[PDB]
Amino acid sequence: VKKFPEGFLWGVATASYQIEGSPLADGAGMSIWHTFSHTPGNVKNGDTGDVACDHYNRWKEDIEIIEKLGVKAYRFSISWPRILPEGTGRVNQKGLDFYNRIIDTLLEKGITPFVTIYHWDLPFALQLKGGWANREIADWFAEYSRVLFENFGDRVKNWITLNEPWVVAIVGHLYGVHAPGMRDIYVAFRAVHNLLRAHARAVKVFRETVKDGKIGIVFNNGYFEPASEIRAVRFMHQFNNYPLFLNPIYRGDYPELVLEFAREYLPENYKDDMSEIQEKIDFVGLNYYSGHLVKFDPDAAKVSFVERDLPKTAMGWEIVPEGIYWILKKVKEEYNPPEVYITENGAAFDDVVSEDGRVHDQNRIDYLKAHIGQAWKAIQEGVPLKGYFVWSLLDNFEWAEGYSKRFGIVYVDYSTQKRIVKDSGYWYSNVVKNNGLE
Ligand SMILES: OC[C@H]1NNC[C@@H](O)[C@@H]1O
Ligand SMILES: [Ca+2]
């Protein structure tokens, strides 16, 4: 037996652009993911979020799936351009209506909503004004967040400002692999800094508007091990993991090795913003998927990855369950946040529907079991983990990989939009019902 604390929150997670489709329905503005995916060469197979899982129409069915599995929490995100089509100013009631219905339905069914305010679908109108590169986005984001709090804060009490701000800044503005598809290191570090400022403004407004909820922020994390008997592992953790952001929030500056690498790229007077960035948060959400062997490498960031002969997912990600334990221990050790959630953990496998009508994803059961087991351990050793969210409820649009990578515990047949609960979803429901592993 590995039984979790009473009231531990078992969840599933999605994001608006990955599942919804109908990006321009009911007066919604374009997002940067709409324009990025409609640009040839950016996304595998020319795939876009035009239809995705058609959750925009099938939302009731999908929630009924969450209910039927007995899953206790649903992490989903709100499309900023459905709410404010030009990013600021005008509010679109039909956009609010869409999320109102989802929210009321969840509550009616006893499911706890966790709302991600920003999961990467920036209004295109704001991107024309520089998007995350423009300091003014702290204001635009604060106004957007205020609208959400005023409309939904009576019912939704668990909020996340940003999903994976490292990805948004670095994959979006340095690697150019995600919207808005830029490759400029100075822009990417200004986006890091402005993501922090916007995050802190939204928390500040949250305290003024929703005096009963909790708000936090979500980071991607890798488990970095050194290829030999070091500092490159230190750098990768500080740069790619929660410290890039938590060091400002908790300690009022960027991590030491980040400054060593990136000081020239930050605004000259960036410290002027740090006391505001220290706005108190209620919880930290950590996403975790993979471990990486890392070694120093002259002329790289001075770091390269070393391939290991370990089980991998369809992403090529090495399966390293101990990583989730490590990152949970490490966050308590470094910043001691009052609550932590695992806001995403999951895997992509080449799922197939058998002749029996089933999806026998034993590889995904094995992945989830092992990571839940390591999360359990962290809890036994004092980490205040309050919940765990499987990425994802549904197979969906996996960004620049398009539909070619399936992360769901529910299979989606894209030709018919049929949902087929996978073995891993059945398995997970039993875990939730039991409040743990057996
Ligand atoms: O790559 C898998 C997931 N990672 N975190 C954020 C999600 O949007 C991704 O699909
Ligand atoms: Ca289209």
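Computation of the quantities below employed the complete heavy-atom set of this structure, encompassing side-chain atoms and omitting hydrogens, waters and symmetry-equivalent molecules. We're numbering straight along the sequence, starting at 1.
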Working for salt bridge (charged side-chain N to carboxylate O under 4.0 Å, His left out), residues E381 and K332: CA-CA 10 Å; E381 306 180 10; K332 176 181 170 55; over 6 Å; no

side-chain hydrogen bond (donor to acceptor under 3.5 Å, both in side chains) for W166 and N241? Distances and angles first, verdict last. CA-CA 8 Å; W166 184 87; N241 298 349; over 6 Å; no

Could you go through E256 and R234, starting from their C-alpha distance and side-chain angles, then the distance that decides it, and tell me whether this counts as salt bridge (charged side-chain N to carboxylate O under 4.0 Å, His left out)? CA-CA 10 Å; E256 172 191 351; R234 290 179 59 214; 3.7 Å; yes

Show, in sequence, the C-alpha distance, side-chain angles and deciding distance for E64 and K68, and conclude whether the salt bridge (charged side-chain N to carboxylate O under 4.0 Å, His left out) test is met. CA-CA 6 Å; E64 289 169 350; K68 183 152 186 81; over 6 Å; no

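Side-chain atoms of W132 and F141, non-hydrogen and from C-beta on, do get closer than 4.5 Å to each other. No side-chain heavy atom of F349 sits under 4.5 Å from any side-chain heavy atom of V359. Put simply, the side chain of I324 reaches to within 4.5 Å of the side chain of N345, judged on heavy atoms. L69 is not listed as a side-chain neighbour of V432, based on a closest heavy-atom distance of 4.5 Å or more. Counting heavy atoms from C-beta outward, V353 and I420 have side chains that approach closer than 4.5 Å.
Enclosure of atom NZ in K369 is not indicated, since only 12 or fewer non-hydrogen atoms of other residues, nucleotides or ligands lie within 6.0 angstrom. Open room surrounds NZ on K60; 12 or fewer heavy atoms of other groups in view lie less than 6.0 Å from it. The number of heavy-atom neighbours closer than 6.0 Å to CD of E307, taken from other residues, nucleotides and ligands shown, is 12 or below.
Using a 4.0 Å cut-off between a side-chain N of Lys or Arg and a carboxylate O of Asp or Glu, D282 and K157 do not qualify as a salt bridge. Between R75 and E344 there is a salt bridge, since a side-chain N of the basic residue sits under 4.0 Å from a carboxylate O of the acidic one. Looking at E339 and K386, no side-chain N of the basic residue comes within less than 4.0 Å of a carboxylate O on the acidic one, giving no salt bridge. In summary, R231 and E260 engage in a salt bridge, as defined by a charged side-chain N under 4.0 Å from a carboxylate O. Here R406 pairs with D395 in a salt bridge; the nearest charged N to carboxylate O distance falls below 4.0 Å. Ion pairing between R308 and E225 holds under the 4.0 Å rule for side-chain N and carboxylate O. Taking a cutoff of 4.0 Å between a charged side-chain nitrogen and a carboxylate oxygen, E276 and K204 do not qualify as a salt bridge. In this structure, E333 does not pair ionically with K329, as no charged nitrogen and carboxylate oxygen lie closer than 4.0 Å.
Partners of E143 under the salt bridge (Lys or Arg N to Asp or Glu O under 4.0 Å) rule, at least two apart in sequence or in another chain, do not exist in this structure. Evaluation of the salt bridge (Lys or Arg N to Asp or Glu O under 4.0 Å) rule for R135 yields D273 as partners, not counting sequence neighbours.
Using the six-membered ring where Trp is involved, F235 and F239 have ring planes that are parallel, under 30° apart on the 30 and 60° scheme. Ring geometry, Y341 versus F114: the interplanar angle exceeds 60°, so the pair is classed perpendicular (tilted spans 30 to 60°). Classified by interplanar angle (parallel below 30°, tilted 30° to 60°, perpendicular above 60°), the ring pair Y388/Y428 is tilted. Aromatic ring orientation, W399 versus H178: tilted (interplanar angle from 30° to 60°). Relative orientation of the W317 and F407 rings is tilted, given thresholds of 30° and 60° on the angle between their planes.
Partner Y17 forms a ring pair (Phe, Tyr, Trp, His ring centres under 6.0 Å) with one of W80, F397, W120 and no other, that one being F397.
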Just distance, no hydrogens or angles: give the donor-acceptor pairs under 3.5 Å from side chains in residues 370-377, sequence neighbours left out.
residue : atom : partner : partner atom : Å
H371    : ND1  : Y367    : O            : 2.7
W376    : NE1  : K3      : O            : 3.1
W376    : NE1  : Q380    : OE1          : 3.0

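When only modelled atom types and interatomic distance are considered, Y74 and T14 share a side-chain donor-acceptor pair under 3.5 Å.
Checked against a 6.0 Å centroid threshold, the rings of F76 and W59 do not count as neighbours. Annotation: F305 is in aromatic contact with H292 [ring centroid separation under 6.0 Å].
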